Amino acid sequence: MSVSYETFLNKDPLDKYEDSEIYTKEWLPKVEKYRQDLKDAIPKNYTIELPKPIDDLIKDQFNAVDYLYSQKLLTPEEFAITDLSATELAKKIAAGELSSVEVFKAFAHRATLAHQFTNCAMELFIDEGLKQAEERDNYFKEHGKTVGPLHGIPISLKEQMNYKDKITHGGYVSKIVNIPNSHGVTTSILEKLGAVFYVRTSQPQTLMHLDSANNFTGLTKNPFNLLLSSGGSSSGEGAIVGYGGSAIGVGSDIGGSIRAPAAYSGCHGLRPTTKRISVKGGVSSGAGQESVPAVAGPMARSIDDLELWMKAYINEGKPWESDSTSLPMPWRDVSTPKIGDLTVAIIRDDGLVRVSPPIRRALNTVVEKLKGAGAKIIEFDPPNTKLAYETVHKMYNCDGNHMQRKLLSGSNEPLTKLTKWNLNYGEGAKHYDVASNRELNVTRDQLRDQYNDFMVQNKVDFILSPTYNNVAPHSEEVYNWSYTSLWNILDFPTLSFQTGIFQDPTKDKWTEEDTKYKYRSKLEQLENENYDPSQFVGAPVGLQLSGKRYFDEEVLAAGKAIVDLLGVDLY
């Protein structure tokens, strides 16, 4: 009866991808050099002697965030710097209270610790970061003002984005020889606004895992429980932001790759409506793919910081001036609403995969807190989630895995477990014709109208829902994306936010009524039978708040009210 993932692998035979002889001779040496270059880039003064070997700390469900504070690994000054929001860091630097250099060195120290525990970096360049921070301070001297609203703010970057004069491989070994001549659009906007760069974070092979396994650096771990995954495909972003190793992180999101790592790893994350933030200039298999377009967006330890980043990026970076796809729709100024003014529809169960006890409890606690503050809540049974799930998963692969196969077979690198999984997602290697792709588009538009009509006609402001049917999964053991992928096919702006609740092994267990549940699918059984109270201790619970399309500003404004109602302070 127990489900093994291999029985799903019947859509792509996976026989024209791997070849261990060719990989070992032609590509493995370049990977080893890449690994050695990362080790050489770790500053020893910022490193530490681990309390036990890392793999023992993993078995032990070590909480690295607790250790950082309890062992006081940073000075009081570094803690004081690195536990301020980017918003107040920006005001302090602009007012001459902090140098950019001193702000950088604290985050640089904290990021090296983050890597030593979570394995969240793919590239480290602390020295170049230092020189950038120096230029920032030089500029402030000479001119008496800052370069822009992110002046001196250390920001971590997902690896797959083009970085000028550095390898950009997007998790594909075949691309380890790809060195772009310039930043991608989003990175060069961040630099012009004044940001400081120093670390590029890990991602899974194929960029289609809610996890991190890749052939360069292996697995990235959760900073609140080192047995667990930090998520993906923005894996290192969730780890480093959740640890505080940077002030803001930048990821991308098809299928959930911003919201899931944020929720898994203890921070906040925004998936914006498509075409506000540029995705131009990076490595992925998505060239020309428009049926469910990817999206880029920020992650941080406060909603103010998400808001700062959007406002600065759009209104000052003006991405439409260098990326024709980006919309010139201003980031509007919106007041924080009162909880009693909000109507919130609640998804307790998407109709596909039942959520585990910690998610059920945290969702229930948040709903009751909202009700108590005066919000109109609607209990919402979301329609056509099965059609939405099937349509979007067909969309992922409807080129017959042509591009993924080309990028993977170019190096013959060994296939990861969750790579085999996502290569079999829809009809796998079946290559759709144009007419059949257009029919999927029609379905998408019907779903979008069905849901938009629900919120318009019922005066619903937001939809509150789980991010995943569990807290952070064990590495290489996360299979169902339904809770995040729904908002990709609908393209609704969705905030992933920490509730302030953590799994409790003495209380987050199945009830006796739960044990007589009848599973609706093999996938639901696979996911639910992995939940074990003793093996997910203390993992944060993050939930999703979705708004109507292009109302991102209201999403963050209400997110700010809700996090304040809940007392969430990640600093």
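Note that residue numbering begins at 1 and tracks the sequence as displayed.
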Looking at the entry, does 49-57 or 538-546 show the higher mean C-alpha B-factor? 49-57
Residue stretch of maximal mean CA temperature factor, 102-110 vs 394-402: 102-110
I'd like to know which of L387, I155, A95, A472 has the highest C-alpha temperature factor in the PDB entry. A95
Entry record, C-alpha B-factors for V460, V353, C120, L207; the maximum is at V460
Compared with the other modelled residues in the chain, in which third is the CA B-factor of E237? middle
Taking the entry's C-alpha B-factors for this chain, is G340 in the lowest, middle or highest third? highest
Looking at the C-alpha B-factor of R276, is it in the lowest, middle or highest third of its chain? lowest
Entry-reported C-alpha B-factor of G170 relative to its chain, by third, is middle
Comparing against every modelled residue in the chain, figure out the third that the C-alpha B-factor of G372 lands in (lowest, middle or highest). highest
